[PDB]
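> This one's experimental. Sequence and coordinates below.
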Amino acid sequence: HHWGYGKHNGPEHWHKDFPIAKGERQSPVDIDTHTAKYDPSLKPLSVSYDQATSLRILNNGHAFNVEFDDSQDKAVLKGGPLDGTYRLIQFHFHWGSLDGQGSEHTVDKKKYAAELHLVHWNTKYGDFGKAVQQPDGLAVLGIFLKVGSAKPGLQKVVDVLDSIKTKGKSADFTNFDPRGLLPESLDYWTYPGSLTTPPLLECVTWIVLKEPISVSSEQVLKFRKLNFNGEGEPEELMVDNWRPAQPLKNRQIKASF
Ligand SMILES: NS(=O)(=O)c1ccc(N(CCC(=O)O)c2nc(-c3ccc(Cl)cc3)c(Cl)s2)cc1
Ligand SMILES: [Zn+2]
């Protein structure tokens, strides 16, 4: 009886196995755009993905992860609110069963169809597993998805999904350029938070871009064909794999703009 999204093991249950679910810096949160404070001391975000090495795509039973080579100073995030260098390890999404829901963060209570998380770890801590034990261990770049025109830089992901339908399936996934998932503007909100899945560790500097990307209905429909179950188990569509907004508590969300 492990955690999930389902009718009986979803977010409202996580606290029993992961008490930190009721912690002081949980994510996601609703971004109240009028209360976010512009911080002129915030720097432009530096996204350096030209040398990114994607390796594999994996259905982990909760989402799919596009994994990168993070054994060298390739694909890093710096600047913004960050001190030092964070290296890209993977990206994944959260999405809904319908277009009207799926994002984890919300903006003035608006839900987006989906949200992309580009996960990076602080090089000061030497790898990802040690980084998650630190308050400044990770930086996750969150990007909202809205349904409209297709995102041509997403299609290579969409088309491989049928090869990783079920939990535990993986596929080679080389030469994928995550720059094709970015919007034009890097304006952002930032705040200290957590992983949004178990173990829910309080180790993340969240950087949420204001400008959403567009994807087509066909692209998100293909996300919704994935399965949470393993092959040869009853089919459970991989939909609504998002944690709802958590209490902001004693936090300030800062805007770069
Ligand atoms: N949604 S989010 O907050 O960006 C987000 C970002 C990252 C994760 N992942 C990947 C989980 C997976 O693929 O199953 C974590 N893996 C670990 C982990 C650490 C140590 C070991 Cl030995 C094994 C796994 C975490 Cl701790 S967090 C989950 C949510
Ligand atoms: Zn995520």
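That came in fine, so what should we check first? Residues are numbered from 1 along each chain as shown. Ligands and ions are numbered 1, 2, ... in the order given.

> Now do the contacts for the residue minimising distance to the centre of the chain.
When the chain is reduced to its mean C-alpha position, the nearest residue by Cα atoms, centre = their mean turns out to be residue 117, at 2.0 Å. For residue 117, the contact set (Cβ atoms under 8 Å, 6 or more residues apart in numbering) comprises 91-94, 140-142, 196. No exception for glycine: its C-beta is placed from N, CA and C like everyone else's.

> Could you tell me which of those belong to strands?
Applying DSSP state E to the contacts of residue 117, the entries found in strands are 91-94, 140-142.

> Show me which pair in the residues you listed is furthest apart.
With distances taken as Cβ to Cβ, the most widely separated pair in these is 94 and 141, at 13.7 Å.

> sorry, back to before: got the ones in strands among the contacts of residue 117 as JSON lines, with neighbour count columns?
Listed next are the ones in strands among the contacts of residue 117 as JSON lines, based on neighbours: other Cβ atoms under 10 Å:
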{"residue": "91", "neighbour count": "24"}
{"residue": "92", "neighbour count": "20"}
{"residue": "93", "neighbour count": "26"}
{"residue": "94", "neighbour count": "26"}
{"residue": "140", "neighbour count": "24"}
{"residue": "141", "neighbour count": "26"}
{"residue": "142", "neighbour count": "22"}
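
> and of the residues you listed, the nearest to residue 208?
So of those, ranked by how close each gets to residue 208 (Cβ to Cβ), first place is residue 142, at 4.3 Å.

> wait, the closest one sits on residue 209?
Yes. Counting by Cβ atoms under 8 Å, residue 142 does reach residue 209; the two are 7.0 Å apart.

> Can you pull the residues of this structure lying near ligand 1?
Contact residues, the chain versus ligand 1 (Cβ under 6 Å from any ligand atom): 60, 65, 117, 119, 129, 132, 140, 195-197, 199, 201.

> what do you get if the cut-off is 5 Å, keeping everything else the same?
Taking Cβ under 5 Å from any ligand atom as the criterion, the neighbours of ligand 1 within the chain are 60, 117, 119, 129, 132, 140, 195-197, 199.

> Which ones among the residues you listed lie within helices?
residue 129 (DSSP state H).

> Find the nearest non-adjacent residue to residue 39, please.
Residue nearest to residue 39 in three dimensions, not counting chain neighbours: residue 254, with 4.3 Å by Cβ to Cβ, 6 or more residues apart in numbering.

> Repeat that for residue 168.
In space, residue 168 is closest to residue 230, 5.7 Å off (Cβ to Cβ, 6+ apart).

> Would you check that that neighbour makes contact with residue 164?
No. Between residue 230 and residue 164 no contact is recorded; they are 11.8 Å apart, counting by Cβ under 8 Å.

> When the two are compared, which one has more neighbours?
When residue 230 is set against residue 164 and neighbours are counted by other Cβ atoms under 10 Å, the residue ahead is residue 164, at 21 against 14.

> Look up how far residue 239 lies from the residue nearest to residue 168.
Counting by Cβ to Cβ, to the nearest Å, the gap between residue 230 and residue 239 amounts to 17 Å.

> helix, strand or coil for residue 222?
Here residue 222 is recorded as helix under DSSP: H, G, I helix; E, B strand; the rest coil.

> I'm done for today, thanks for sticking with me.
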